[PDB]
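Peer 1: If you scroll down you'll find the structure; I have some questions about it.
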Number of protein chains: 2
Amino acid sequence: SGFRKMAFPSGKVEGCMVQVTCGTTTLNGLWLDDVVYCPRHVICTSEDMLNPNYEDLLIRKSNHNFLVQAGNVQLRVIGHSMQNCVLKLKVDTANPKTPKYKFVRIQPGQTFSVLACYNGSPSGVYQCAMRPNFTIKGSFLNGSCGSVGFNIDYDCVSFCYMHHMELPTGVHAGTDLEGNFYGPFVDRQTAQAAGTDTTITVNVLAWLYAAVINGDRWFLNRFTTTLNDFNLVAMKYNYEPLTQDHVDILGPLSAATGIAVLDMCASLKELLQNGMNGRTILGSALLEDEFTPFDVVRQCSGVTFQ
Amino acid sequence: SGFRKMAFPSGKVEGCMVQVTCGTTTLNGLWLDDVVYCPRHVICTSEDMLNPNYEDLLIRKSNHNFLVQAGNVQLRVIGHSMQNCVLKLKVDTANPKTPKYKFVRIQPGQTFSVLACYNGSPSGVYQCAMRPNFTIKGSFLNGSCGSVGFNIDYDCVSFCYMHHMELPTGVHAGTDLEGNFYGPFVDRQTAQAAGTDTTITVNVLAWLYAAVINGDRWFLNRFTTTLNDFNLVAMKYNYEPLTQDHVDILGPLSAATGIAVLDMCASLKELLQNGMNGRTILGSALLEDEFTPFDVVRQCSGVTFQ
Ligand SMILES: [Cl-]
Ligand SMILES: [Cl-]
Ligand code: NA
Ligand code: NA
């Protein structure tokens, strides 16, 4: 019993983190086989960031302009290329600790573990969700660029996020490992800002199921709702509409507790319209939306990883 | 920017997790150098657990009655002993992945990361605090015994907790790595219950400083209080008394933000006596007490260079 924000074990990713230096800039890179992936803005000076011509800036660079350090060992760069917003540095050594991996672009609402790194050295791990507005509410200090987010699937480590920048409100923007930003953000100094956000309804329901699994039941009722009527209430409270796909993904938690998804929706409708009346759920006085259905399953069933 | 429940990267501990089997019982062990540490209750049947004579049970077992599996490799047990509530299995191979490490005993209010494991394999990592009543509000299922809690400082893992049991309210109890329980708990099946818990005052204050750092200021006021006057209010609200040592520990955060410790106490006194009136602090409607002052500095400022 118990329910905590729980990250995936980070060891397989820790063994892939390196330090990348170009000119006066140092950040983090991801070393998989004989390639190091990092944000392409490592090649930019402060002046360059105003309107960087990345193709021109990269043409002027050579392999020796890039320093890669894995622990206390220098890896010599023997090639460089650019894929969207990610720099790929071919190095003289394949990472002997490379896990089975894939690059996956996640959807808004889905969570991942972030391994916050500085100077190529992992410093902490925590859970984040990709918000509907395509930002993450991370915790990152100077030097954190290139830190990565990941999940572990049944097959392998699934890298989904590379950290690029902090937005004015203190939330964070980055790319997948193919270098495509989540959301409309760009790796230039512009006026860009996060748009309005929305609460991830399927995750709130998953967390209510986690609460029932853990013995918190006061919010269950005998009321019913249709999916349409629930979604109208959800929209009033700036929750995302719940799709039938989301209902289907909640199936395993519905089965584990014996509470049909639409009955949990009737509970959530009352919570949105009436609040908690001084009660708590899993120790919280607010509804939590950064656990996915699978996050609840992996924690409440004790799934383990390679 | 940002503030998250942040754990230490788990890789250095993952490399030490093994599976220990005695009879029909399997749990987790910690393999450091040529010793595997695990809860001694691994030697008990359910019937033994009612009133176990551990000395007698252990003296009648031989080395070959213990199976230790590290990944797919069987380790050979060449000796065994009991130190308080921890069993120590000497094996004929030193763990090549042994990190720099220490065994430390923590105090209530201090935090650590937990690598929850099942059958010697890692499930997830989370952060928690040792409660004033010496339990931890963990996330643990059957099979998780022998999972460890730890802090990491400059590549050195300080192990502070080994998991032994879940208590009737669903909170968790365990030992230091020398086998001494935290709190009034014993490794036998008996009616034992956690005592009444209290809130970790110094940690709430630290979190309020984290909130100021992250831009929250509404709870700051023009009021003042003495340490003795504040502690009169703290006692009324089931908060631990605040000591001058706690005030000294809060020194750096106080100087960094310009908010005297006793002025933050005045803010906390107002929060306890009046509530939040519909507002939030760091996106929470309740006061958080599982971040220490050092945890706040580590996350918002970083670790100093050695
Ligand atoms: Cl913004
Ligand atoms: Cl061995
Ligand atoms: Na809350
Ligand atoms: Na109890």
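Residue numbers start at 1 in each chain; chains themselves are named A, B, ... in the order of the structure tokens; ligands are numbered from 1 in the order shown.
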What residues in chain A have any atom no more than 10 Å from chain B when counting only C-alpha atoms, and can you write them as a ChimeraX atom specification?

Peer 2: /A:1-15,114-118,121-128,136-142,166-167,169-172,214-215,280,283-287,298-306

Peer 1: Please, which residues have at least one atom within 7 Å of an atom of ligand 2, using only C-alpha atoms and all ligand atoms, listed as an MDAnalysis selection string?

Peer 2: chainID B and resid 74:77 91:93

Peer 1: Just C-alpha atoms for this one: save the residues we selected as a JSON list (two decimals), in the first residue's frame.

Peer 2:
```json
[["chain", "number", "residue", "atom", "x", "y", "z"],
["B", 74, "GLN", "CA", 23.88, -17.68, -8.75],
["B", 75, "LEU", "CA", 26.20, -16.48, -5.99],
["B", 76, "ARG", "CA", 27.72, -18.99, -3.60],
["B", 77, "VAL", "CA", 27.14, -18.31, 0.10],
["B", 91, "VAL", "CA", 29.50, -14.68, -0.78],
["B", 92, "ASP", "CA", 32.59, -15.80, -2.65],
["B", 93, "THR", "CA", 32.46, -12.92, -5.19]]
```

Peer 1: Would you compute the distance between CA of residue 266 in chain B and CA of residue 294 in chain B? Give it in Å to one decimal.

Peer 2: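 Separation between CA of residue 266 in chain B and CA of residue 294 in chain B: 21.6 Å.
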
Peer 1: Let's have chain B fitted on chain A; use all the C-alpha atoms paired in order for the least-squares step and return it as an mmCIF file with C-alpha atoms, in the first residue's frame.

Peer 2:
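That gives us selection12.cif:
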```
data_model
loop_
_atom_site.group_PDB
_atom_site.id
_atom_site.type_symbol
_atom_site.label_atom_id
_atom_site.label_comp_id
_atom_site.auth_asym_id
_atom_site.auth_seq_id
_atom_site.Cartn_x
_atom_site.Cartn_y
_atom_site.Cartn_z
ATOM 1 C CA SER B 1 0.358 -0.692 -0.319
ATOM 2 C CA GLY B 2 1.097 3.006 -0.671
ATOM 3 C CA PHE B 3 1.103 5.399 -3.602
ATOM 4 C CA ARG B 4 4.065 7.619 -4.447
ATOM 5 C CA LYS B 5 5.326 9.730 -7.293
ATOM 6 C CA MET B 6 7.558 6.968 -8.656
ATOM 7 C CA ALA B 7 10.304 7.377 -11.250
ATOM 8 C CA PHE B 8 12.195 4.723 -13.147
ATOM 9 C CA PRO B 9 15.639 3.792 -11.774
ATOM 10 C CA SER B 10 18.072 6.077 -13.577
ATOM 11 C CA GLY B 11 21.192 3.895 -13.850
ATOM 12 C CA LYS B 12 20.734 2.863 -17.479
ATOM 13 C CA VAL B 13 20.558 6.558 -18.410
ATOM 14 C CA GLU B 14 23.360 7.694 -16.081
ATOM 15 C CA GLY B 15 25.736 5.469 -18.073
ATOM 16 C CA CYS B 16 24.991 7.505 -21.198
ATOM 17 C CA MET B 17 25.344 11.057 -19.879
ATOM 18 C CA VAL B 18 28.310 13.051 -21.211
ATOM 19 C CA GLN B 19 29.393 16.684 -21.349
ATOM 20 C CA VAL B 20 29.454 18.535 -24.683
ATOM 21 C CA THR B 21 31.336 21.802 -25.071
ATOM 22 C CA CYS B 22 31.374 24.092 -28.097
ATOM 23 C CA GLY B 23 33.146 27.396 -27.579
ATOM 24 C CA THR B 24 32.087 28.805 -24.228
ATOM 25 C CA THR B 25 28.891 26.726 -23.973
ATOM 26 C CA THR B 26 28.752 23.450 -22.062
ATOM 27 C CA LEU B 27 25.657 21.256 -21.764
ATOM 28 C CA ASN B 28 24.685 17.597 -21.496
ATOM 29 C CA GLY B 29 24.690 14.988 -24.231
ATOM 30 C CA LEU B 30 23.378 11.434 -24.521
ATOM 31 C CA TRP B 31 25.927 8.830 -25.667
ATOM 32 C CA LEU B 32 24.355 5.770 -27.318
ATOM 33 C CA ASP B 33 26.443 3.443 -29.483
ATOM 34 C CA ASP B 34 28.920 5.762 -31.290
ATOM 35 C CA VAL B 35 26.657 8.848 -31.376
ATOM 36 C CA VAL B 36 26.251 11.684 -28.862
ATOM 37 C CA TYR B 37 22.932 13.545 -29.054
ATOM 38 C CA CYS B 38 22.536 17.052 -27.653
ATOM 39 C CA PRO B 39 20.630 20.288 -28.318
ATOM 40 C CA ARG B 40 21.934 22.033 -31.407
ATOM 41 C CA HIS B 41 21.891 25.412 -29.608
ATOM 42 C CA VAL B 42 25.230 24.334 -28.098
ATOM 43 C CA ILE B 43 26.777 25.839 -31.258
ATOM 44 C CA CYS B 44 25.330 29.315 -30.662
ATOM 45 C CA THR B 45 26.662 32.294 -28.805
ATOM 46 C CA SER B 46 24.157 34.464 -26.954
ATOM 47 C CA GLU B 47 24.263 36.843 -29.926
ATOM 48 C CA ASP B 48 23.643 33.947 -32.333
ATOM 49 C CA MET B 49 20.536 32.968 -30.357
ATOM 50 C CA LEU B 50 18.694 36.144 -31.364
ATOM 51 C CA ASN B 51 18.436 34.935 -34.980
ATOM 52 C CA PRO B 52 20.579 31.814 -35.479
ATOM 53 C CA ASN B 53 21.267 30.425 -38.945
ATOM 54 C CA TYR B 54 21.969 26.919 -37.695
ATOM 55 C CA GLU B 55 22.883 25.570 -41.135
ATOM 56 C CA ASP B 56 25.534 28.247 -41.569
ATOM 57 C CA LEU B 57 26.840 28.025 -38.008
ATOM 58 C CA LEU B 58 27.230 24.253 -38.225
ATOM 59 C CA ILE B 59 28.781 24.053 -41.703
ATOM 60 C CA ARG B 60 31.544 26.404 -40.520
ATOM 61 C CA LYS B 61 32.442 24.207 -37.541
ATOM 62 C CA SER B 62 34.694 21.152 -37.731
ATOM 63 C CA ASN B 63 34.736 17.974 -35.657
ATOM 64 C CA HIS B 64 37.507 19.288 -33.418
ATOM 65 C CA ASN B 65 35.355 22.269 -32.397
ATOM 66 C CA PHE B 66 33.302 19.861 -30.257
ATOM 67 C CA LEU B 67 34.650 18.510 -26.969
ATOM 68 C CA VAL B 68 32.869 15.478 -25.526
ATOM 69 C CA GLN B 69 33.858 14.277 -22.059
ATOM 70 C CA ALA B 70 32.556 10.997 -20.613
ATOM 71 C CA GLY B 71 33.588 11.045 -16.982
ATOM 72 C CA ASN B 72 37.314 11.784 -17.051
ATOM 73 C CA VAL B 73 37.798 10.482 -20.621
ATOM 74 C CA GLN B 74 37.756 12.659 -23.736
ATOM 75 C CA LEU B 75 35.889 11.205 -26.706
ATOM 76 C CA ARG B 76 37.055 12.008 -30.220
ATOM 77 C CA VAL B 77 34.419 13.471 -32.541
ATOM 78 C CA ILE B 78 34.758 12.059 -36.069
ATOM 79 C CA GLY B 79 31.591 13.465 -37.652
ATOM 80 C CA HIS B 80 28.641 15.682 -36.956
ATOM 81 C CA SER B 81 25.194 16.428 -38.304
ATOM 82 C CA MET B 82 21.974 18.154 -37.351
ATOM 83 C CA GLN B 83 18.615 16.385 -37.291
ATOM 84 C CA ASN B 84 15.916 18.991 -36.725
ATOM 85 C CA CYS B 85 16.871 20.641 -33.424
ATOM 86 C CA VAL B 86 19.261 17.906 -32.252
ATOM 87 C CA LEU B 87 22.982 17.763 -32.925
ATOM 88 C CA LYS B 88 24.470 14.310 -33.494
ATOM 89 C CA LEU B 89 28.182 13.907 -32.839
ATOM 90 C CA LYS B 90 29.710 10.727 -34.218
ATOM 91 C CA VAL B 91 32.491 9.544 -31.896
ATOM 92 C CA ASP B 92 35.128 6.902 -32.487
ATOM 93 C CA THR B 93 34.086 4.762 -29.474
ATOM 94 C CA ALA B 94 30.789 2.991 -28.900
ATOM 95 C CA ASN B 95 29.452 3.480 -25.379
ATOM 96 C CA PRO B 96 29.920 0.080 -23.685
ATOM 97 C CA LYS B 97 27.152 1.004 -21.222
ATOM 98 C CA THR B 98 24.589 1.575 -24.012
ATOM 99 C CA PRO B 99 21.336 -0.080 -22.857
ATOM 100 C CA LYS B 100 18.696 -1.556 -25.081
ATOM 101 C CA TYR B 101 16.888 1.570 -26.221
ATOM 102 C CA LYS B 102 14.301 3.180 -28.483
ATOM 103 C CA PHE B 103 13.474 6.758 -29.445
ATOM 104 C CA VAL B 104 9.753 7.432 -29.044
ATOM 105 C CA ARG B 105 7.583 10.513 -29.283
ATOM 106 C CA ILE B 106 5.040 10.765 -26.495
ATOM 107 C CA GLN B 107 1.558 12.315 -26.463
ATOM 108 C CA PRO B 108 0.338 14.967 -24.011
ATOM 109 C CA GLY B 109 -0.898 13.343 -20.845
ATOM 110 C CA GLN B 110 1.762 10.635 -20.898
ATOM 111 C CA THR B 111 4.419 10.518 -18.191
ATOM 112 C CA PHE B 112 8.159 9.905 -18.053
ATOM 113 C CA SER B 113 11.141 10.128 -15.721
ATOM 114 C CA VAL B 114 13.722 12.904 -16.031
ATOM 115 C CA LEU B 115 17.380 12.531 -15.053
ATOM 116 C CA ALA B 116 18.384 16.134 -14.385
ATOM 117 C CA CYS B 117 22.083 16.583 -15.219
ATOM 118 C CA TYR B 118 24.670 19.365 -15.068
ATOM 119 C CA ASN B 119 28.065 19.208 -16.783
ATOM 120 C CA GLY B 120 27.363 15.618 -17.833
ATOM 121 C CA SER B 121 26.758 14.422 -14.275
ATOM 122 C CA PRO B 122 23.458 13.378 -12.655
ATOM 123 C CA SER B 123 21.752 15.514 -10.010
ATOM 124 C CA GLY B 124 18.426 13.751 -9.459
ATOM 125 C CA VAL B 125 15.531 11.833 -10.959
ATOM 126 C CA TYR B 126 11.878 12.859 -10.949
ATOM 127 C CA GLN B 127 8.629 11.935 -12.660
ATOM 128 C CA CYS B 128 6.516 14.280 -14.733
ATOM 129 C CA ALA B 129 3.855 14.452 -17.404
ATOM 130 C CA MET B 130 3.751 16.101 -20.821
ATOM 131 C CA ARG B 131 1.123 18.805 -20.325
ATOM 132 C CA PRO B 132 -1.692 19.292 -22.854
ATOM 133 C CA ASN B 133 0.084 22.536 -23.821
ATOM 134 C CA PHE B 134 3.265 20.531 -24.580
ATOM 135 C CA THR B 135 5.334 21.943 -21.731
ATOM 136 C CA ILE B 136 6.574 20.004 -18.744
ATOM 137 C CA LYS B 137 6.476 21.285 -15.184
ATOM 138 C CA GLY B 138 10.032 20.180 -14.586
ATOM 139 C CA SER B 139 12.796 21.125 -12.178
ATOM 140 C CA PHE B 140 15.701 22.470 -14.213
ATOM 141 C CA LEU B 141 18.437 25.055 -13.673
ATOM 142 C CA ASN B 142 20.898 26.730 -16.012
ATOM 143 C CA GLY B 143 23.137 24.015 -17.426
ATOM 144 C CA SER B 144 20.449 21.327 -17.514
ATOM 145 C CA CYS B 145 19.911 21.378 -21.291
ATOM 146 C CA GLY B 146 20.420 17.977 -22.852
ATOM 147 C CA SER B 147 19.005 16.141 -19.837
ATOM 148 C CA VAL B 148 16.606 13.479 -21.073
ATOM 149 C CA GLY B 149 13.222 12.031 -20.222
ATOM 150 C CA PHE B 150 12.565 8.332 -20.534
ATOM 151 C CA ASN B 151 10.477 5.304 -19.711
ATOM 152 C CA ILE B 152 11.856 1.818 -19.039
ATOM 153 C CA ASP B 153 10.100 -1.388 -20.139
ATOM 154 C CA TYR B 154 11.767 -4.778 -19.573
ATOM 155 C CA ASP B 155 15.300 -3.325 -19.606
ATOM 156 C CA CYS B 156 14.616 -1.211 -22.737
ATOM 157 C CA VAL B 157 14.934 2.557 -22.283
ATOM 158 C CA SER B 158 12.482 4.494 -24.460
ATOM 159 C CA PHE B 159 13.857 8.036 -24.610
ATOM 160 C CA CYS B 160 11.097 10.570 -25.232
ATOM 161 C CA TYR B 161 12.363 14.007 -24.242
ATOM 162 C CA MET B 162 15.505 16.108 -24.437
ATOM 163 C CA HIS B 163 15.489 19.361 -22.502
ATOM 164 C CA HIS B 164 16.141 22.601 -24.444
ATOM 165 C CA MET B 165 14.748 25.659 -22.648
ATOM 166 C CA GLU B 166 12.850 27.240 -19.765
ATOM 167 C CA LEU B 167 9.856 29.433 -20.664
ATOM 168 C CA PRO B 168 8.906 32.705 -18.929
ATOM 169 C CA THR B 169 6.406 31.056 -16.540
ATOM 170 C CA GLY B 170 9.132 28.640 -15.399
ATOM 171 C CA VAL B 171 7.829 25.581 -17.258
ATOM 172 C CA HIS B 172 10.038 23.666 -19.671
ATOM 173 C CA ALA B 173 10.203 22.880 -23.374
ATOM 174 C CA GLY B 174 12.174 20.350 -25.359
ATOM 175 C CA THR B 175 12.238 17.884 -28.222
ATOM 176 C CA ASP B 176 11.949 14.238 -29.034
ATOM 177 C CA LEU B 177 15.267 12.488 -29.664
ATOM 178 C CA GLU B 178 14.885 13.155 -33.379
ATOM 179 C CA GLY B 179 14.968 16.867 -32.574
ATOM 180 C CA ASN B 180 11.307 17.759 -33.142
ATOM 181 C CA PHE B 181 9.940 20.130 -30.516
ATOM 182 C CA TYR B 182 6.931 19.304 -28.441
ATOM 183 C CA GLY B 183 4.583 22.235 -28.902
ATOM 184 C CA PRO B 184 4.921 25.581 -30.667
ATOM 185 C CA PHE B 185 8.442 26.337 -29.476
ATOM 186 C CA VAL B 186 11.707 27.084 -31.283
ATOM 187 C CA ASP B 187 15.381 27.004 -30.276
ATOM 188 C CA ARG B 188 16.020 30.708 -30.571
ATOM 189 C CA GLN B 189 15.769 33.632 -28.185
ATOM 190 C CA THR B 190 12.312 34.959 -28.998
ATOM 191 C CA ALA B 191 9.105 35.924 -27.235
ATOM 192 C CA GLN B 192 7.389 32.573 -26.933
ATOM 193 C CA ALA B 193 5.030 31.548 -24.176
ATOM 194 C CA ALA B 194 3.196 28.396 -23.217
ATOM 195 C CA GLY B 195 -0.447 28.364 -24.213
ATOM 196 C CA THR B 196 -3.220 27.928 -21.708
ATOM 197 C CA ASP B 197 -3.058 24.510 -20.074
ATOM 198 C CA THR B 198 -5.803 22.042 -19.210
ATOM 199 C CA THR B 199 -6.229 19.170 -16.769
ATOM 200 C CA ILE B 200 -5.662 15.600 -17.976
ATOM 201 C CA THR B 201 -9.075 14.079 -17.244
ATOM 202 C CA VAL B 202 -8.162 10.419 -17.860
ATOM 203 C CA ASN B 203 -5.250 10.754 -15.430
ATOM 204 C CA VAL B 204 -7.422 12.266 -12.687
ATOM 205 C CA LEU B 205 -9.763 9.311 -13.050
ATOM 206 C CA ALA B 206 -6.807 6.911 -12.858
ATOM 207 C CA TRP B 207 -5.648 8.599 -9.650
ATOM 208 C CA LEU B 208 -9.161 8.300 -8.201
ATOM 209 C CA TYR B 209 -8.924 4.554 -8.849
ATOM 210 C CA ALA B 210 -5.532 4.569 -7.124
ATOM 211 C CA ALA B 211 -7.241 6.258 -4.166
ATOM 212 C CA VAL B 212 -9.953 3.587 -4.016
ATOM 213 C CA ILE B 213 -7.262 0.900 -4.118
ATOM 214 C CA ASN B 214 -5.599 2.659 -1.190
ATOM 215 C CA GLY B 215 -8.846 2.707 0.807
ATOM 216 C CA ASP B 216 -10.406 6.095 0.038
ATOM 217 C CA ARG B 217 -14.105 5.863 -0.749
ATOM 218 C CA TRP B 218 -15.804 9.034 0.503
ATOM 219 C CA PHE B 219 -16.045 10.547 -2.996
ATOM 220 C CA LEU B 220 -17.984 7.541 -4.310
ATOM 221 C CA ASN B 221 -21.675 8.359 -4.677
ATOM 222 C CA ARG B 222 -24.988 6.974 -5.920
ATOM 223 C CA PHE B 223 -25.048 9.223 -8.997
ATOM 224 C CA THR B 224 -24.719 8.382 -12.683
ATOM 225 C CA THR B 225 -23.742 10.250 -15.832
ATOM 226 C CA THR B 226 -23.285 9.726 -19.541
ATOM 227 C CA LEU B 227 -20.010 10.395 -21.345
ATOM 228 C CA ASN B 228 -21.506 13.366 -23.204
ATOM 229 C CA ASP B 229 -23.080 14.792 -20.045
ATOM 230 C CA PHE B 230 -19.793 14.461 -18.150
ATOM 231 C CA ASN B 231 -17.802 16.127 -20.936
ATOM 232 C CA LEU B 232 -20.141 19.119 -20.695
ATOM 233 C CA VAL B 233 -19.015 19.494 -17.082
ATOM 234 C CA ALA B 234 -15.362 18.780 -17.913
ATOM 235 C CA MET B 235 -15.232 21.600 -20.471
ATOM 236 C CA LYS B 236 -16.604 24.059 -17.895
ATOM 237 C CA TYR B 237 -13.749 23.215 -15.504
ATOM 238 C CA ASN B 238 -10.874 23.347 -18.020
ATOM 239 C CA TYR B 239 -10.607 19.543 -18.168
ATOM 240 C CA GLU B 240 -9.673 17.690 -21.344
ATOM 241 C CA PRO B 241 -12.650 15.932 -22.955
ATOM 242 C CA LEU B 242 -12.926 12.264 -22.030
ATOM 243 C CA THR B 243 -13.026 9.994 -25.074
ATOM 244 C CA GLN B 244 -14.234 6.435 -25.517
ATOM 245 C CA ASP B 245 -10.580 5.435 -25.953
ATOM 246 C CA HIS B 246 -9.923 6.866 -22.483
ATOM 247 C CA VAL B 247 -12.891 4.897 -21.125
ATOM 248 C CA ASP B 248 -11.492 1.736 -22.722
ATOM 249 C CA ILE B 249 -8.041 2.406 -21.230
ATOM 250 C CA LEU B 250 -9.631 2.739 -17.788
ATOM 251 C CA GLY B 251 -11.232 -0.697 -18.279
ATOM 252 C CA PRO B 252 -8.843 -2.771 -16.146
ATOM 253 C CA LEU B 253 -8.898 -0.407 -13.153
ATOM 254 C CA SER B 254 -12.684 -0.247 -13.410
ATOM 255 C CA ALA B 255 -13.037 -4.035 -13.434
ATOM 256 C CA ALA B 256 -10.471 -4.485 -10.649
ATOM 257 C CA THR B 257 -12.337 -2.100 -8.300
ATOM 258 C CA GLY B 258 -15.902 -2.756 -9.473
ATOM 259 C CA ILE B 259 -16.483 0.954 -10.129
ATOM 260 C CA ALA B 260 -17.768 1.604 -13.642
ATOM 261 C CA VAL B 261 -15.838 4.310 -15.476
ATOM 262 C CA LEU B 262 -18.931 6.472 -15.895
ATOM 263 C CA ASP B 263 -19.608 6.074 -12.165
ATOM 264 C CA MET B 264 -16.131 7.394 -11.404
ATOM 265 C CA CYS B 265 -16.939 10.236 -13.815
ATOM 266 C CA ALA B 266 -20.021 10.975 -11.721
ATOM 267 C CA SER B 267 -17.733 11.098 -8.683
ATOM 268 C CA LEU B 268 -15.369 13.452 -10.518
ATOM 269 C CA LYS B 269 -18.286 15.635 -11.650
ATOM 270 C CA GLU B 270 -19.345 15.973 -8.010
ATOM 271 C CA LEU B 271 -15.774 16.789 -6.979
ATOM 272 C CA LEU B 272 -15.459 19.527 -9.594
ATOM 273 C CA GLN B 273 -18.840 21.068 -8.753
ATOM 274 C CA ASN B 274 -18.560 20.881 -4.960
ATOM 275 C CA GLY B 275 -14.921 20.601 -3.928
ATOM 276 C CA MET B 276 -13.677 18.276 -1.216
ATOM 277 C CA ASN B 277 -15.319 19.956 1.827
ATOM 278 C CA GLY B 278 -12.156 19.690 3.902
ATOM 279 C CA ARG B 279 -11.405 16.049 3.059
ATOM 280 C CA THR B 280 -8.405 14.672 1.174
ATOM 281 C CA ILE B 281 -7.735 12.035 -1.476
ATOM 282 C CA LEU B 282 -4.437 10.120 -1.193
ATOM 283 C CA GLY B 283 -3.297 12.839 1.191
ATOM 284 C CA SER B 284 -3.982 15.668 -1.264
ATOM 285 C CA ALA B 285 -6.521 18.492 -1.234
ATOM 286 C CA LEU B 286 -6.301 18.938 -5.026
ATOM 287 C CA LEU B 287 -6.960 16.488 -7.843
ATOM 288 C CA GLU B 288 -3.748 15.000 -9.274
ATOM 289 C CA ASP B 289 -3.439 14.568 -13.044
ATOM 290 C CA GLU B 290 0.125 13.312 -13.597
ATOM 291 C CA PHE B 291 -0.462 9.551 -13.144
ATOM 292 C CA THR B 292 -1.656 7.667 -16.213
ATOM 293 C CA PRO B 293 -3.861 4.568 -15.959
ATOM 294 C CA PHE B 294 -0.808 2.460 -16.742
ATOM 295 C CA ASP B 295 1.181 4.265 -14.047
ATOM 296 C CA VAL B 296 -1.485 3.310 -11.504
ATOM 297 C CA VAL B 297 -1.532 -0.338 -12.600
ATOM 298 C CA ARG B 298 2.271 -0.485 -12.684
ATOM 299 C CA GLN B 299 2.551 0.837 -9.133
ATOM 300 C CA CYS B 300 -0.432 -0.864 -7.454
ATOM 301 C CA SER B 301 -0.266 -4.206 -9.254
ATOM 302 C CA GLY B 302 3.231 -4.509 -10.726
ATOM 303 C CA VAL B 303 4.622 -5.205 -14.162
ATOM 304 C CA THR B 304 3.590 -8.488 -15.740
ATOM 305 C CA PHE B 305 6.285 -11.061 -16.438
ATOM 306 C CA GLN B 306 7.691 -11.316 -19.959
#
```
